[PDB]
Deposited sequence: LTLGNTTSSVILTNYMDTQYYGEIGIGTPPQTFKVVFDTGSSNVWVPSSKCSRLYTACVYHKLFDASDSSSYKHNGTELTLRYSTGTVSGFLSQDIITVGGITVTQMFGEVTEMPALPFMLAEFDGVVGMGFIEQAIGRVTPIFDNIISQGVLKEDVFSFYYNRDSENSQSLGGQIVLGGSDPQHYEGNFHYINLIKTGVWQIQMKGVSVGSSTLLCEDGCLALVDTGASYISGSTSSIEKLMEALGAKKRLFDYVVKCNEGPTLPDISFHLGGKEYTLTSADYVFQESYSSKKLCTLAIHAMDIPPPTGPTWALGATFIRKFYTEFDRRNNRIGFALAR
C-alpha cells in the first residue's frame, strides 16, 4: 500500500567513519543513537539487563523495559554475528519512533556487548535496513513494518552521507531528496531479493582494470565505514597503491596521498570513480606521517560473501537509493 508520506532522519557524521541517527523506543520514548544498516536486518539496542562488566554497556544508552508502558515481552535468544564483532541478547516488542513514523517493532535487547568494537561505537545500536531473508530469528524488519502502514509515497529509502557544523547525513524513507544529489539516478538490479547486493563488472586502479576482471559481488552497506574487499583483493589493490599493512588498516606516507590513482567500480552501465581525495584520510602532507586509507579488507562469510562492500567511503560520493519495489539500487552524484 502506498500513501504520500516521505519521512527523513537527520544523521550525525562522526569522523567520516560513523554515521548514525536517532530513534525512540517505548512509552515514554527512550532515545538511542543508531546505525541505519543495509548490510543487516535486525533492530537492536543495549539492554538494561546487560552486565556492568561489559564496559560497552557502561558507555551506552540501555533500554529499560520496566520504564516502558508499551513493552510486550518475548524473550527469544538472539545472536547477531557481524564480522567486526558479535552481540547477543533476547527479543522484545515495543513502539519505535523513526523520523515521524511510529511503528510497533520486534527488536533485540543486547545483553552481551564486547568492548571490541563497541567501546569505539558512538552509536548505541542498529536499525537493519536489509530484507527479512537475512533477519536472525526471522524477525520482520522495521522497513517491512513501516511499508505495511501504507503511508510511504514509494517503497524506497535513500542515503546521503556528508564529508565531516553542518548536516552529517540523511535517510529519506518513502523517496529521495534532490537537494542531495545531482544528475540522474542509474540503477543496478539486485542479483537476488533478500540482500542489497549487486553484480560488479570490475575494479580498476588507474587506467587498467587490475581487479574483479571476470566479475564479482558488491554489497551496498550503509553500516560499513569503508569500501571493502576480500583479504586477497585488498592485498593486490594495496600493492598497486603502494600501501603498507598495519594490523587493522592500510597506510601510505602522508606526502604520497594526493598522488595515488583513482579507483573505479564498474556497476551496471556506469564507472563509479573515486580519486585519492575520496579514499585517503589526508590528515597531513608530511613525509614523516602515515595516512590511513578508507579501504579495508573484510572477509564476509558465505552465502553473502566473499563480496566487496561499498560503505560510507562510496556513499559519500554517490547518493544511494534502495528500491524495495523493483529490487534495485540507484546511484547519483552527491551534493
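- Mapping the modelled residues onto the deposited sequence reveals missing stretches at 1, 166-169.
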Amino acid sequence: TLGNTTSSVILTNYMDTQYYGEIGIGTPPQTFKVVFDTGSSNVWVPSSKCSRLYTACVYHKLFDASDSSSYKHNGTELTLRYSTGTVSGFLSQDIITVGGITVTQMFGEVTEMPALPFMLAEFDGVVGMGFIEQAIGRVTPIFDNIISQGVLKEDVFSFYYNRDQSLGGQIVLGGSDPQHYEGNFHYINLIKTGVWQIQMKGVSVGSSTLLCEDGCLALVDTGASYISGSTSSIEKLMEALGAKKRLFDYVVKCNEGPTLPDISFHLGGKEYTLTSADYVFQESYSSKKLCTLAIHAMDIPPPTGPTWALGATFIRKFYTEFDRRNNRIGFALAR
From here on, numbers count along this sequence of modelled residues.
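The term rigid core refers to the most C-alpha atoms you can superpose between the two forms while keeping them within 1.5 Å.
- Averaged over structures and residues, the CA distance from the shown form in 9 other deposited structures of this protein after a core fit is larger for 53-61, of the two stretches 53-61 and 293-301.
- Relative to the displayed structure, the C-alphas of 78-86 lie farther away on average in 9 other deposited structures of this protein than those of the other candidate, with 78-86 and 96-104 compared after rigid core superposition.
- Among other compared entries that model residues flanking residue 3, a third or more give it no coordinates.
- For residue 166, the fraction of other compared entries lacking coordinates, among those that model flanking residues, reaches at least a third.
- Averaged over their C-alpha atoms, the temperature factors of 83-91 and 67-75 are higher for 83-91.
- In this crystal structure, the stretch out of 318-326 and 18-26 whose C-alpha atoms carry the higher mean B factor is 318-326.
- In this structure the maximum Cα B-factor among 207, 158, 222, 179 is found at 207.
- Highest C-alpha temperature factor among 33, 60, 49, 52 per the entry: 52.
- In the deposited entry, the Cα temperature factor of residue 275 places it in the lowest third of its chain's modelled residues.
- Among all modelled residues in its chain, residue 234 ranks in the highest third by Cα B-factor.
- When the CA B factors of the chain's modelled residues are split into thirds, the value for residue 183 lands in the middle one.
- Sort the chain's modelled residues by C-alpha temperature factor and residue 118 lands in the middle third, per the entry.
- Annotation for residue 248: CA B-factor lies in the highest third of the chain's modelled residues.
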